[PDB]
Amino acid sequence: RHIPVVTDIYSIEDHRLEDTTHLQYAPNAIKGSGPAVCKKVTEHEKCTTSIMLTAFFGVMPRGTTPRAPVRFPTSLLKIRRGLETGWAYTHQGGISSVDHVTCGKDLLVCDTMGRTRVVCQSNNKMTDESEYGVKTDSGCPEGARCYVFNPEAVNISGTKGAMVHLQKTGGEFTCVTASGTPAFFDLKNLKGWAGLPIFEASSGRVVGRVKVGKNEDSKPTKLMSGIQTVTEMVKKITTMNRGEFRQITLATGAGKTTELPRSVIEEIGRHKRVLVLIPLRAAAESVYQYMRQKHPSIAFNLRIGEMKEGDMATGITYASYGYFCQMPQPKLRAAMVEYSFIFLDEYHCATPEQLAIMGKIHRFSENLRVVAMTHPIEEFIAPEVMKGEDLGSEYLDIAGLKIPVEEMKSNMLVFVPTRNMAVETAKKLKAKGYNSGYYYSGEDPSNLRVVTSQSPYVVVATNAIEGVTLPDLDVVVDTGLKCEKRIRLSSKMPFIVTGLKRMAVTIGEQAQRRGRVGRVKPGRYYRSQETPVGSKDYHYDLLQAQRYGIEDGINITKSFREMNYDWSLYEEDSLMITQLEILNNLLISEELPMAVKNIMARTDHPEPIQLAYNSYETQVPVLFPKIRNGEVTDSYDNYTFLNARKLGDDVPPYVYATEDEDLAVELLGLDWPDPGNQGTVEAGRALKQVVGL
C-alpha cells in the first residue's frame, strides 16, 4: 500500500583498483582479488523529508513537482517504503528498482530541489522490476566476475561501502570472496540490499539488479536476478548443427506451422524427418491434413494417440506435446534424436505438456536442432457500472461495463473472465430481448452458428474462444479479465495452495481480444480500465508439468529453469521458480508408490499431482466440504478411486491443497497439521532459504 520514499542519495563514480579485498562485506569476520572498476561514494545527501512520511505511509502528498528520472547525479538511492527498505539506481534511461521495494509506485524525493516525485513508467511484479524511465541493463557474459556495492554496509576494514563479489554461473550469481572462492551470507545479512545494481567488474557496467537471495545446504549463497528474454530465414535454420537453438517470431498469417517446416524439409531433403509440436490435438490434426493435401510431394505423419512404438516415419511429423509426455525419458530421447529438426510451435502458451517437454528434451539438447516459433479500431474505456444501479436509456450493463445501447445494433463479442459471467451475461441479454449466445472451454463451437446467423448478434466468451468464427464482427467489449488457476507457496503446510483466480490478461492477450475486429471492416473496442500485465504467469502449468518427471525422477522445474536460461524464452519469477524447485525435490525424493501412480492415471480428480505430493504425509485422500458463495456447504465432490474420508474434525497433513480446501478448514475453525516426515520438514525449512531481499 505505502508510498516509497528516497531517504538517502549516494553519488558514486568509477574507481579502478588493483585489489578489492579490503572492501569486501564479511559479517562476523576478523583478520589477491584481481582488478575491478569499483564504485566510490562521492557525496552522501540525506533527504529532508517532511514528517508529513506519515502521508506516504498513508499515500502521496502536497503539490509535489514531477521530476524527470535523469535529473540526478549518478547515484544509488536508499528507499524506505513502509517498514521495508531497498535501493534504486540511476542509469541512462532514468532510474531502476525492484517491484518488491517500490510496488511500482511513484517515488517521493525530497532533494536539494524540494518536494519532487519520480513517475514509475513500467512495473513487472513477476520479474520483480520497476522502471522510472526505460531499462538499460547490459547483458552479462557467462563466467564474469561481478559485484554488488552497498554504500551503507561496512567492509572488513571497518569502513562503510562494501562489496559482495559474485560470479555469473548460468541463470544466477554465485557469491564468492574477493579471491573467487565460494562465500556464504545469511540472508538476514543481505536484507535491504534489493534494488542495488549488479556491476561487471572489468567494466563497471550495470548488468542486473538484486532481487532474490537463495541459500541451499552446503552451497554458496546465490543471488538471482532473473534472465533476459530474447521470410528468407529458412537459410539460417538450415545451417544449424545438433546442439543449437533458434527462436522465431512470425506473422499471424505466414503459416509458421506450414511453409516454414515445408521449406525446411525441402532444402534438406523430403526423406529426412522433421518434427513440429503443437499444443492442441485438434490443431495438430487440422494442420496435418491442410498440408497433406496441398503438398503431395511430401510424406506427412500425425501423432496424437497411442505411443506408436519404434517410429522412423519419413517426412514432416505433426505431434502434440502430450503425445511425447507418455514416453519414459530414454524412449523420449531415443525418439527425439531420430529427427533432423524439432519445431516448438506456440511456445508462448506454456502448457504443462509444453513445459515438461522443453525441460525434458533440453537435458539432451546437444543432439538436437531446436527452433521455437510464435482497418481502424476506435477504442474506448467503458466505465464500471454501479451494479444494480440505473444507467439510463442509452447505456446498458454488459459484463459490468457501461456500453452505449447503440452498439447492440451491431455484431458484438464480449470477453468475460468466467464460465458463469459468460452464461449469466448471455442470459440477461436474451431476457432483455437481444440475440445473445455464450461460449467457454469445452463447449462445442458449432453451437454459435444459430446465434451468429441472425444480426445483430452478441457472443459472450471467455479466453477459450481464442478457433471460432464470428462473421461480420463489429465491436468487442473487453473486461480486461481472465480466470486461471494460480498457486501460492509457503514455508507452512500446506506448502502448495492452488485455485482459480480472476486476473488481468496479458498485453498479448489484450491484443488478440482487440484484434477480433478491424479485420475486414473497421472495428470498435470498448474495454475496462483494467491494466494488462507483462508476462504470462505459467507457474501453475509448470506445477502440473512436474508430473511428467515423476517416473524418471527428473526435477521438471529445474530442467525447465536451466532450459529457460539457455533458450531465453520465458520471464522468470526468481522467488517462485526457486520455491517450486525445492518442492519438486521433495516430490522426486522417493519413488512414487505404484498404487498412487495408477490411481493418478485413472482418476477424474483434476489435480492428480496433489495425490503425489500428499503421499509424503498421508495415503488416505480426504473429501473436503464444498464451498458455495464463500460459505461451507454440506456437499462433497467425490472423486474416482479415492476411498476418501470426510474432513469432519480431523484435517489431514496436506502438502498440497486447493483454495476451497484451505477456506473450508479456516471457516470451520480447524487447523492444518505440521509436517510429520523429515523429508517434508526439510522442504519447509529449505523454502525459508529463498527470499526477496
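Start at 1 with the first residue shown and count on from there.
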property	result
Chain break class for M52 to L53, judged by how many deposited residues have no coordinates	1 to 3
Unmodelled deposited residues flanked by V230 on one side and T231 on the other	4 to 9
Greater mean Cα temperature factor according to the PDB record, 32-40 or 639-647	639-647
Comparing 67-75 with 489-497, the one whose average Cα B-factor in the PDB entry is higher	67-75
Residue with maximal Cα B-factor (values as given in the PDB entry) among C175, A88, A299, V460	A299
Largest Cα B-factor, entry values, listed residues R333, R449, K409, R502	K409
Modelled-residue ranking by C-alpha temperature factor, third containing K272	highest
Third of chain Cα B-factors occupied by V632	highest
Third of the chain's Cα B-factor distribution that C47 belongs to, per the entry	highest
Within-chain third of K428 by Cα B-factor, per the entry	middle
Third of the chain's Cα B-factor distribution that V655 belongs to, per the entry	lowest
